[PDB]
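Have a look at the structure below, then the notes.
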Ligand SMILES: [Zn+2]
């Protein structure tokens, strides 16, 4: 099945998921000179004070930090969005080396990693229904550069040993995702897709301009994870990013001047 190797990576996905060659695929390159400022865009409202993290899971493609999404406890609103989007999980994409790892690029620059906070539109009742709708999801994307450590990431880093291989989970309560955000909420936005199969075209992307800094030691720990299950040949979980896809008939809008 699908993955990030030579034989099963992004360049193969279209055979099982023909929407891979669709009109609104993600990620994309953000050309900062052609993204236009849209004064009609609102500030983003990120309301994470009541967020309830539950568990962390290695799904064989990344690790997900999962939230209780059975009530409006952590929500995204405003910005480009109409209505209320509930946080369900976050995860990262990262590289084998610090010079690659992000999915989106900025003027063809690749960051070391990219954080995706995934939210679903409450008007559709559940995640599974939301991903069938063109406005079903809102994903907040945050770039990671290597420099100073991110204190708010360390709790995630230190549990990774317990979820080394595919299918492992661990309790992960009381984690506050506010500690993963940069200072500024200035963003770019465009309509796109999930970046992993099934590649559904259901996402409003909100990509923050300001990266967070993580330390080399933090990223090194991500790269010790495994794609494989327990007692299988070890294949380090690295380079779990899809490259930029054609922009097609889309415009990228900026919230800032
Ligand atoms: Zn992602």
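Residue numbers (the deposited numbering): 4 to 125, 127 to 261. Positions of the beta carbon are idealized from the N, C-alpha and C atoms, including for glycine.
How many Å lie between residue i and residue j at the Cα?
| i | j | result |
| --- | --- | --- |
| residue 36 | residue 137 | 31 Å |
| residue 169 | residue 228 | 10 Å |
| residue 251 | residue 103 | 20 Å |
| residue 204 | residue 123 | 13 Å |
| residue 132 | residue 219 | 36 Å |
| residue 97 | residue 38 | 25 Å |
| residue 6 | residue 232 | 11 Å |
| residue 179 | residue 225 | 18 Å |
| residue 52 | residue 77 | 7 Å |
| residue 237 | residue 221 | 25 Å |
| residue 262 | residue 21 | Residue 262 lies beyond the residue range present for the chain, which begins at 4 and ends at 261; the question has no answer from this structure. |
| residue 128 | residue 9 | 37 Å |
| residue 157 | residue 240 | 21 Å |
| residue 70 | residue 4 | 27 Å |
| residue 260 | residue 223 | 30 Å |
| residue 244 | residue 85 | 31 Å |
| residue 28 | residue 163 | 32 Å |
| residue 206 | residue 134 | 8 Å |
Return yes when the Cβ of residue j is within less than 9 Å of the Cβ of residue i, no when it is not.
| i | j | result |
| --- | --- | --- |
| residue 99 | residue 242 | yes |
| residue 79 | residue 120 | yes |
| residue 58 | residue 176 | yes |
| residue 42 | residue 246 | no |
| residue 115 | residue 143 | no |
| residue 300 | residue 67 | The displayed coordinates of the chain run from 4 to 261. Any statement about residue 300 would go beyond what the structure contains. |
| residue 55 | residue 87 | no |
| residue 212 | residue 147 | yes |
| residue 153 | residue 166 | no |
| residue 33 | residue 109 | yes |
| residue 198 | residue 118 | no |
| residue 139 | residue 208 | yes |
| residue 183 | residue 155 | yes |
| residue 256 | residue 192 | yes |
| residue 107 | residue 248 | yes |
| residue 333 | residue 215 | The displayed coordinates of the chain run from 4 to 261. Any statement about residue 333 would go beyond what the structure contains. |
Could you tell me which residues DSSP puts in a beta bridge with residue i?
| i | result |
| --- | --- |
| residue 118 | 95, 146 |
| residue 195 | 208 |
| residue 153 | None; residue 153 has no bridge partner. |
| residue 89 | 78, 123 |
| residue 230 | 240 |
| residue 58 | 69, 175 |
Item to check | Pocket of ligand 1 (residues with CB nearer than 6 Å to any heavy atom), chain order | outcome: Listed along the chain, these residues meet the criterion: 94, 96, 119, 199.
Checklist entry - Should the segment 12-31 be regarded as contacting the segment 185-192, the criterion being three or more beta carbon pairs within less than 8 Å? => result No: the two stretches stay apart, fewer than three of their Cβ pairs being nearer than 8 Å.
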